[PDB]
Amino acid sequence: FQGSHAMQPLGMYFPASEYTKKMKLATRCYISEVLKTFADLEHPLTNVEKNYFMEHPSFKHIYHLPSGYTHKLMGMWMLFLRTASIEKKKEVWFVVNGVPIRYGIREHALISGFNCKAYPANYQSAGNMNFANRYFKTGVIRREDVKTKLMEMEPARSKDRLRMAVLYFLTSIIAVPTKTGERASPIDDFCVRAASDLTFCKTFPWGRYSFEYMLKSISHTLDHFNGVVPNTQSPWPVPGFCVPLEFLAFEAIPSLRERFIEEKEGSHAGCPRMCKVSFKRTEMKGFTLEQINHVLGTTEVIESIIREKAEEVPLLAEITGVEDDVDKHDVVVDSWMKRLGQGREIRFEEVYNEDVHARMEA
């Protein structure tokens, strides 16, 4: 008995005829802008203002990222094309060369290092609207409005700028509007109220928040394409902190890691994964989907759940709950978890030959 049996997915969002279809994808995660805005303030940030972000239990890892961070998304898109239809709602799975790969809060935490513990009690009530009423008249608050105030505010004993800085940070990196311009969508109301309490903001599980936000963009994306990738130059926006999604395929799949990833010199070993690796420079601003598909090749070495190294065990003990949470009943995902739980790997070989045929031959 070589293990409990793992069932094929009920369905897939995309047929394998779409695996070669390239798309432009629009991020909404302005890591580079925020840092430039912060560094170019006419009245600079004080030590306490600076160290608030550079020693933040979650956001200090934003500073371990490479300078001028630019997102690379065809790994994420390759994953998206392989999203399985499942019952669970708090985790996503992608079937690559017939191997299911999980994107859950544990994986969002191992790559980003953000706090992914349970929300504090009655966390929505946190804050008040007093801080924002002191700077923003009645109406919509757009992201450009928060940035503008920050660059103009005068530094002073009230740490109100830091609150504006934090609000700018949250709504530009964690929970980010899609629409821009004169009619940009209003920024997340929770972040507006949460930014009034700097203590609360230093400890909140912003990873869970970022993660739950990513889950909505994933669902919206899959809803939008309805199984067909069009032929358009018009980019599709996927807002939120997508760095974990950008790296998942590379952490899971050694063939991609060997061609497109390099270790980051002098990184600390207790940091999450995004601090300790970097994308290789390529011919383009990001990898082409063809490059990903070609390097996938015929590889069978793929991790379903990406295993932590020993140096990463204290990290996860600190940023993840031991509270595996409650989700909808999933006979298929349960049968995967049961087989992986016993040390056995999963591989639907018809799906593997389909993937190989759709990329390498057709």
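Start at 1 with the first residue shown and count on from there.
- When 316-324 is weighed against 296-304, 316-324 comes out higher, by mean CA B-factor as recorded in the entry.
- The mean C-alpha temperature factor is higher for 182-190 when 237-245 and 182-190 are set side by side.
- For the set 168, 211, 131, 80, the PDB entry puts the maximum C-alpha B factor at 131.
- Remark: of 155, 98, 75, 113, 155 shows the highest value [criterion: C-alpha B-factor in the PDB entry].
- Ranked within its chain, residue 278 lands in the highest third, by CA B factor from the PDB record.
- Residue 220: CA B factor lies in the lowest third for its chain, per the PDB record.
- Sorting the modelled residues of the chain by their CA temperature factor places residue 270 in the highest third.
- Residue 260: CA B factor lies in the middle third for its chain, per the PDB record.
- For residue 124, the recorded CA temperature factor ranks within the highest third of the chain's modelled residues.
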